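Chain order of the listed sequences is B and A. Residue numbering for the first sequence is 4 to 220, 231 to 428, as defined by the authors' numbering. Residue numbering for the second sequence is 3 to 65, 68 to 547, as defined by the authors' numbering. No residue lacks a Cβ here, since even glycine has one placed at the ideal position from N, Cα and C. Working notes, structure below.
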Amino acid sequence: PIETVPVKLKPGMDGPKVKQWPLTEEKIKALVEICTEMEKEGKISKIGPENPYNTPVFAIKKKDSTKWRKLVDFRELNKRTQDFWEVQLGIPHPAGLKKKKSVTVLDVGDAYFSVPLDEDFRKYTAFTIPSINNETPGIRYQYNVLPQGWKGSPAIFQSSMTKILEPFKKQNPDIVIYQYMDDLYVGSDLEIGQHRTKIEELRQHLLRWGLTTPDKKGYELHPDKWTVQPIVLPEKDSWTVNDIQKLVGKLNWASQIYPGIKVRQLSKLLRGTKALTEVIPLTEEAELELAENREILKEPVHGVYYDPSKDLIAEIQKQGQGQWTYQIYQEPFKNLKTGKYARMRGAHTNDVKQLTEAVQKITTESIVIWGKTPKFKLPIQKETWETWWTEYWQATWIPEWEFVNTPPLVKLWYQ
Amino acid sequence: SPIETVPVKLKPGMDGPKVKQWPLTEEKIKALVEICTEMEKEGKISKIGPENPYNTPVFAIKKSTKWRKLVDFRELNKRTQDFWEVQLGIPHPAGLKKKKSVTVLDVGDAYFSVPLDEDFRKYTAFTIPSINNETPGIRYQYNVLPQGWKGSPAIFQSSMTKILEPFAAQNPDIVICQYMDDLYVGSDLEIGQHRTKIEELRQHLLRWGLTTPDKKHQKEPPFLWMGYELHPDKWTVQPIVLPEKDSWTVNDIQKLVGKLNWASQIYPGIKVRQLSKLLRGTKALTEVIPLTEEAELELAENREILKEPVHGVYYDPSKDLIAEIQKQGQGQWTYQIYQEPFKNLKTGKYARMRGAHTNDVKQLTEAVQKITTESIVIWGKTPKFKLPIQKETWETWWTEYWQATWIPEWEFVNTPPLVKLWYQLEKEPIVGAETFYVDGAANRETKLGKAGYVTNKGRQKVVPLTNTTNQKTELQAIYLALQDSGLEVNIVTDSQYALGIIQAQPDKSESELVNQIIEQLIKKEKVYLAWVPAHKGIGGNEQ
Ligand SMILES: N#Cc1cc2c(Oc3ccccc3OCCn3ccc(=O)[nH]c3=O)cccn2c1
């Protein structure tokens with residue numbers, strides 16, 4: 004009977020009105036079955052035509068063993084309710100989580116289902132289960148309880164979460180716990196063995212207060238290695254004209270980021286019109302430029318800090334051999350974080366799956382470091398991604414994304 | 003009427019429409035009273051008092069031989085709350101499943117058979133005027149869903165669905181499809197049983213106030229629905245008419261392209277490239293556009309395709325879903341979706357309008373995505389693909405493409421025109437080959453440019469150019485090096501543009517210059533294109 008926490012949209016902001024993407028017959032049936040039981044438990048209820056709002060709904064298999072889950076793209080509602088979960092109720096972000104050696108993630112979204120939602124706000128939680136070939140109008144539900152995927156749900160459950168976590172935070176004062184959406188990030192410096200046992204302690208402390216947590220045992234994420242990776246120049250015994258050409262061009266690109274790089278001595282080495290395959294020995298004066306530009310290329314950039322008022326931007330580029338690379342930034346050439354994602358050797362691997370897994374890997378790291386997700390510039394056809402991104406999505410959140418139609422001129426510069 | 007009403011509001015911070023009934027045609031006013039009295043008799047409207055209930059204008063017109073009442077609700081519609089959108093998408097016949105008997109039923113008075121929320125009935129007020137002094141000033145409000153109102157279609161559809169819900173549970177075997185004011189009941193029962201259930205449904209709807217067709221079910225197959233001919237065991241588009249003229253306006257080319265596209269869903273081979281190119285001018289609709297020789301060929305070829313009727317089958321969920329793609333002409337592609345060879349569920353085409361340079365493999369990848377989307381929309385699954393491309397051809401492409409592409413389950417089809425990589429650039433420089441240092445430039449004002457090269461062997465050439473762009477000369481310099489080199493050549497350019505076009509490995513383009521470069525690249529045994537930063541001085545090409 005907990006009094007509903009009233010939610011008000013920003014003045015001048017109407018509710019979300021997003022279309023429902025067409026789905027497989029298999030996925031529609033799983034949603035109808037899930038929603039039928041959710042309606043039976045009072046979590047959701049059907050609505051009439053006087054509700055014009057809609058939020059897209061999808062189906063994933065997190066456990067992947069006869070386990071269909073419902074995922075709602077509350078991205079638009081999150082933007083139009085930002086003042087509620089970013090100003091009125093705000094979950095502060097710890098900066099010590101990135102310093103901890105191991106950070107385990109736990110799903111705690113089931114706690115929101117007990118808390119009711121304000122009757123006046125339930126209109127904006129509306130979603131539609133689509134019908135195949137428009138044979139019938141969709142099935143229209145709205146949430147009566149706190150909806151998972153909405154950023155206002157953990158902000159409302161914030162006080163209840165802090166109260167439940169208080170005994171565990173007391174016995175373990177050095178463990179950092181952060182709540183982003185439906186997931187609890189738990190960071191410590193302990194040995195992996197006793198870290199997992201301490202995580203199992205928190206899992207049982209959460210359980211004895213009525214908070215269910217998936218017990219499928231999402232490996233631990235170690236953020237000590239996280240850094241802006243250094244740009245590496247090729248290392249060869251003997252050099253050719255072409256290898257020095259690729260070297261001069263790469264350092265000219267780094268001049269936009271790293272100033273103080275000089276290639277003129279290397280440019281003097283390649284002067285007369287010569288064959289690319291012609292092996293030109295390295296002069297000592299230009300060799301000094303290679304060593305001077307290897308040293309300055311391992312120092313971090315200057316004047317690169319995170320801006321809380323600006324959004325994060327993540328660019329992924331495909332390097333081949335089942336490997337991808339990424340750069341998180343806010344202003345161009347000022348990289349807050351770079352890295353590379355390489356899928357473990359797998360015959361089942363596909364380009365979309367690797368990009369999907371990369372986006373989830375990048376978003377999680379970005380959540381741990383900054384407490385908010387970036388907007389991805391995805392190297393994929395728009396309609397291709399919008400069709401198959403749900404097939405490998407194992408996360409409860411969905412980051413913003415757009416699609417790049419302009420190719421990268423040189424892939425090797427990032428790698 | 004016992005149907006439960008739907009609560010309707012006005013948009014926040016708005017009030018009822020208070021328009022005035024300016025027109026005062028005495029002839030029409032009497033005919034309006036004759037309708038409003040016999041419509042008040044049926045309870046669809048009710049006279050209202052002098053207390054301001056706002057006002058909405060009314061007019062009269064004649065199509068029987070009876071005048072009709074029209075109420076301009078645009079002001080109300082602007083002030084009414086938004087509703088859930090009635091799906092614009094219509095079911096495609098290729099997705100429907102064959103039913104032994106299909107019955108179409110139309111509701112006579114749809115919106116006037118469904119009530120309206122009482123608190124919202126004041127805003128529907130309207131005035132019947134009188135030219136006489138001491139004007140009687142007849143006033144009325146709507147008790148049912150008015151015509152041309154914003155919420156009438158969505159409220160009717162949900163009310164109809166809630167009315168069908170008891171019948172559907174009692175009779176789960178029958179299948180009812182709802183579209184606007186129509187119901188399409190399909191059953192695999194014996195015809196005598198089917199006709200009993202239909203009359204049972206008509207009685208159901210009459211108890212709720214919904215008129216159903218008399219004369220049993222006034223619907224004889226085939227059915228003409230949304231430009232589709234629907235038959236018991238087949239479907240096809242309603243007959244297409246292609247006009248023959250001497251002059252063609254932009255209006256006529258639009259209508260012709262539309263009718264051609266509509267035929268593409270069943271008639272295989274339709275092309276609309278050259279005809280749509282005439283529309284690329286996008287001038288005023290009234291202007292007359294001269295037909296080209298290639299567009300008149302497409303129309304003659306399309307008229308030959310439409311000369312003999314072709315039909316399509318319905319979906320059988322028990323069987324596999326297959327789609328076959330064939331390349332057509334200049335980047336146009338045609339696909340056919342079937343479950344059995346001689347009978348196709350539907351057909352279609354794909355064209356790559358966006359972009360100036362592309363290759364065949366990328367267009368085929370895009371076509372599969374288009375078919376994958378359409379198959380999900382119509383049948384809730386993706387099809388098995390029969391594609392005219394070797395696996396090693398596709399595998400070589402996606403492993404080195406900068407984007408990510410998903411290749412579904414597919415088998416090879418040896419029916420030409422096949423899809424192949426006409427050329428592949430070298431990844432490392434070629435030893436024992438000449439090295440062409442190319443560069444091109446032009447002045448924007450003069451439009452006069454020059455392109456040339458300087459080889460390692462000392463060979464040099466400069467060719468003048470007129471009416472060119474810096475990009476057109478940067479590609480021209482590479483074309484020169486290709487013309488003047490052996491079957492193995494190393495080219496070095498300072499143009500990220502020219503490097504970009506070539507490294508994308510296109511096999512066709514709009515610019516004639518790129519087409520000639522593709523020809524040389526195909527002729528050459530080995531080509532290594534490399535890039536260096538301009539103005540560093542290493543290139544040494546100064547013109
Ligand atoms: N006017 C019109 C019209 C009829 C229909 C329609 O008919 C069906 C209704 C329920 C089940 C299967 C159906 O049809 C399946 C295919 N079919 C269609 C016609 C026929 O005679 N036999 C047959 O098996 C469905 C969708 C749009 N429609 C538009």
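Any idea if residue i is buried or exposed, counting beta-carbon neighbours within 10 angstroms, 16 or more meaning buried?
{"i": "residue 51 (chain A)", "result": "exposed"}
{"i": "residue 228 (chain B)", "result": "For chain B, the structure lists 220 followed at once by 231, and that leaves residue 228 (chain B) out of the model."}
{"i": "residue 246 (chain A)", "result": "exposed"}
{"i": "residue 31 (chain B)", "result": "buried"}
{"i": "residue 485 (chain A)", "result": "buried"}
{"i": "residue 78 (chain B)", "result": "buried"}
{"i": "residue 292 (chain B)", "result": "exposed"}
{"i": "residue 267 (chain B)", "result": "buried"}
{"i": "residue 230 (chain A)", "result": "exposed"}
{"i": "residue 372 (chain A)", "result": "buried"}
{"i": "residue 364 (chain A)", "result": "buried"}
{"i": "residue 195 (chain A)", "result": "exposed"}
{"i": "residue 17 (chain A)", "result": "exposed"}
{"i": "residue 360 (chain B)", "result": "exposed"}
{"i": "residue 358 (chain A)", "result": "exposed"}
{"i": "residue 384 (chain A)", "result": "buried"}
{"i": "residue 48 (chain A)", "result": "exposed"}
Shortest alpha-carbon distance to residue i belongs to which of the options?
{"i": "residue 370 (chain A)", "options": "A:408, A:351, A:397", "result": "A:408"}
{"i": "residue 41 (chain A)", "options": "A:147, A:543, A:434", "result": "A:147"}
{"i": "residue 306 (chain A)", "options": "A:295, A:320, A:276", "result": "A:276"}
{"i": "residue 99 (chain A)", "options": "A:382, A:47, A:269", "result": "A:382"}
{"i": "residue 352 (chain B)", "options": "B:336, B:290, B:37", "result": "B:336"}
{"i": "residue 341 (chain B)", "options": "B:232, B:377, B:66", "result": "B:377"}
{"i": "residue 324 (chain A)", "options": "A:379, A:301, A:358, A:187", "result": "A:379"}
{"i": "residue 143 (chain B)", "options": "B:149, B:126, B:231, B:136", "result": "B:126"}
{"i": "residue 170 (chain B)", "options": "B:39, B:206, B:280, B:100", "result": "B:206"}
{"i": "residue 331 (chain B)", "options": "B:324, B:107, B:355", "result": "B:355"}
{"i": "residue 122 (chain A)", "options": "A:9, A:72, A:108", "result": "A:9"}
Output needed for residue i: all residues of its chain with C-beta closer than 8 Å, excluding positions within five of it in sequence on either side, in chain order.
{"i": "residue 1 (chain B)", "result": "A question about residue 1 (chain B) goes unanswered here, because the residues of chain B that appear run from 4 up to 428."}
{"i": "residue 421 (chain A)", "result": "330, 331, 392"}
{"i": "residue 212 (chain B)", "result": "167"}
{"i": "residue 183 (chain B)", "result": "94, 157, 380, 384, 410"}
{"i": "residue 477 (chain A)", "result": "444, 445, 446, 453, 454, 455, 469"}
{"i": "residue 436 (chain A)", "result": "492"}
{"i": "residue 290 (chain B)", "result": "253, 254, 255"}
{"i": "residue 26 (chain B)", "result": "34, 61, 62, 133"}
Apart from the five residues on each side of it in sequence, which residues of its chain come closer than 7 Å, Cβ to Cβ, to residue i?
{"i": "residue 270 (chain B)", "result": "314, 346"}
{"i": "residue 395 (chain B)", "result": "416"}
{"i": "residue 20 (chain B)", "result": "55, 56, 57"}
{"i": "residue 342 (chain A)", "result": "326, 348, 349"}
Provide the residue(s) that pair with residue i in DSSP beta bridges, ordered along the chain.
{"i": "residue 48 (chain A)", "result": "A:145"}
{"i": "residue 348 (chain A)", "result": "A:342"}
{"i": "residue 274 (chain B)", "result": "DSSP, once it has assigned bridges, lists no residue as partnering residue 274 (chain B)."}
{"i": "residue 340 (chain B)", "result": "B:328, B:351"}
{"i": "residue 390 (chain A)", "result": "A:328, A:415"}
{"i": "residue 316 (chain A)", "result": "A:239"}
{"i": "residue 110 (chain A)", "result": "A:186"}
{"i": "residue 361 (chain A)", "result": "A:513"}
{"i": "residue 154 (chain B)", "result": "For residue 154 (chain B), which the question treats as bridged, DSSP gives no partner whatsoever."}
Near residue i, what residues of its chain come up, given a Cβ to Cβ distance below 6 Å and the 5 sequence neighbours on each side ignored?
{"i": "residue 250 (chain B)", "result": "none"}
{"i": "residue 451 (chain A)", "result": "471"}
{"i": "residue 353 (chain A)", "result": "268, 338"}
{"i": "residue 128 (chain A)", "result": "145, 146, 150"}
{"i": "residue 3 (chain A)", "result": "119, 213"}
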